[PDB]
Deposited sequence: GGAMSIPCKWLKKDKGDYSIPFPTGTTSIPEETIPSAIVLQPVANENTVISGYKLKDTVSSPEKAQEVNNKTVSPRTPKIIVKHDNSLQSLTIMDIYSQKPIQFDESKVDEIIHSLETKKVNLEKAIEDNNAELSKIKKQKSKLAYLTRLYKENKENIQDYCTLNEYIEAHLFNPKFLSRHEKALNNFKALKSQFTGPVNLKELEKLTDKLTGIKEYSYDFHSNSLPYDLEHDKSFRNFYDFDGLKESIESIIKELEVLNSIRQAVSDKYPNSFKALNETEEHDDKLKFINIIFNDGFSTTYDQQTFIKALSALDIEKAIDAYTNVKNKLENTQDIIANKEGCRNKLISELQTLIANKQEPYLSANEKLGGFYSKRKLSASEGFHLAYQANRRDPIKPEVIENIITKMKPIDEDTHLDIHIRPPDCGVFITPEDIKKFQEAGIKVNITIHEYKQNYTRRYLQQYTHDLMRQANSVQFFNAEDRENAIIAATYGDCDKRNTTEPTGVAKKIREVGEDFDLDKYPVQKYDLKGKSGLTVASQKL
């Protein structure tokens, strides 16, 4: 059999139908995301006893910045909206009551700050130097009178006092946005409006509220006057407290490595997370039950190279050994600080995940590339929890499976009827089916090389690959041999010469990495007539 691209002609989470009708919402959003559009989708409760926890879990697993997810109740009023911003890249879920909580905290933030404004107005104006005001207001903040810390960050405290106009604008952008979001929960769910606002919450079009720390974002690059007033010492402290946690966990790993030399090998050759955890708990109970805190023990054994983590966090703390260099941006000091912090916040794997609790989520704004936006939606589709049932149905309608059942899958991203993933292919292979990928286009995606990476993902997992065009095949083979879809990023001399000719040897081109594999040995040319 075969899966056609264009020549074409279930299922849903229990209690629901899809939005749009009869789709896999995570699959059908990929063409528009591939063209850089934010697209909402999700599931609908057909009844009123209907429990949303099944759909909500599919929404959590498949949301990305370009693919916000909604649950709609039976009356077609908005039940919950899930988003993911581009800084922390975490599912964020709103029902109407959690939106109210956010509006309320933004309100008590404003009154509790106005209160401290007056309070300090007398003594504050006795201080002439801005810096002395700062050192003073910073002392007050730490003294935490009337629990002001409950309602504002130190940066918010400082700004509201010393740059009150700027602070009031910043504050209003956040509150207006969440007022706007409240509206969307009354009446019928408005799809295109939910989309344009999501862009205003995720950071694609704007970022006015840091979900991670639930506070107002301060931009180390573009908040230029505030740069000298930014809490560099706090940040530097949290990084040092993170580094301390990382040393505890790493010394737990030493203890385990000592008492159970084989188990680090064993634990790290175990595929699934749920199986890794079972083994971690067995090691804990065998010889550390009375020694360590169990939840800390688990974090330590779950972490992926704490050495590398300790290193990356130390690297940022080192940039904080000189505040004035950062204020000055001493040869990229600040560019590098911002870049490395953004990388750390966006790491959702422990130890980073738990360490980043100590840190704010936002440091400077950034544009989401088409490539990254696509890849986050693509990964969400690879995670989709209903995708397994879909593939099962196809496999059922193929049984019996001889020891020579074949499946030919036609690929022309992103415009085919079904969106195939490497997991899909693997499931077929587990069912006894060999999978051939027929590639309709490759070189033509040179302006959107994330679709070329997607194609390598499938060609790598497939049993075999056919091309209609020799230039497609040889360029793909070259990318699978040198490790990047853009020859200008490779060691290949004509590639380097092309870089130098077009952007200069040193320019920092966008990367399209491809894990190297033997494309040549598993592919060939065919002719369309053989498919017809």
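Comparing the deposited sequence with the modelled residues, the stretches lacking C-alpha coordinates are 1 to 3, 13 to 19.
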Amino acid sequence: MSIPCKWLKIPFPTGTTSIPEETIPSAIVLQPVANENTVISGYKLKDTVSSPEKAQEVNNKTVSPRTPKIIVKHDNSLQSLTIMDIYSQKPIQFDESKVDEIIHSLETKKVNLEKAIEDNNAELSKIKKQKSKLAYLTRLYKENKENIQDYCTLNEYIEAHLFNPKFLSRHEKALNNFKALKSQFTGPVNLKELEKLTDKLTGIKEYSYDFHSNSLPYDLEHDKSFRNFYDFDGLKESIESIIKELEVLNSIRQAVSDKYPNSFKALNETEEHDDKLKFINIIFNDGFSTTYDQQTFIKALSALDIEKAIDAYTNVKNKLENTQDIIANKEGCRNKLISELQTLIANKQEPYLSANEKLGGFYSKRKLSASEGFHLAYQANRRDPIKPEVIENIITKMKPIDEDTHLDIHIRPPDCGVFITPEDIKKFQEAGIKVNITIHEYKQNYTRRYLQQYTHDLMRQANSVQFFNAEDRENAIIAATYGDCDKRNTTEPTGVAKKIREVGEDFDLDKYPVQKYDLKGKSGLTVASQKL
From here on, numbers count along this sequence of modelled residues.
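When 158 to 166 is weighed against 72 to 80, 72 to 80 comes out higher, by mean CA B-factor as recorded in the entry.
The stretch with the higher mean CA B factor, choosing between 143 to 151 and 370 to 378, is 143 to 151. Among 220, 216, 304, 458, the highest C-alpha B-factor in the deposited entry belongs to 304. In the deposited coordinates, the residue among 495, 65, 52, 483 with the greatest CA B-factor is 52. In the PDB entry, residue 190 places in the highest third of its chain by CA B-factor. Placement of the Cα temperature factor of residue 48 within the chain: highest third of the modelled residues, per the deposited record. Residue-level temperature factors show residue 473 in the lowest third of its chain, judged at the C-alpha atom. Placement of the Cα temperature factor of residue 22 within the chain: highest third of the modelled residues, per the deposited record. Sort the chain's modelled residues by C-alpha temperature factor and residue 58 lands in the middle third, per the entry.
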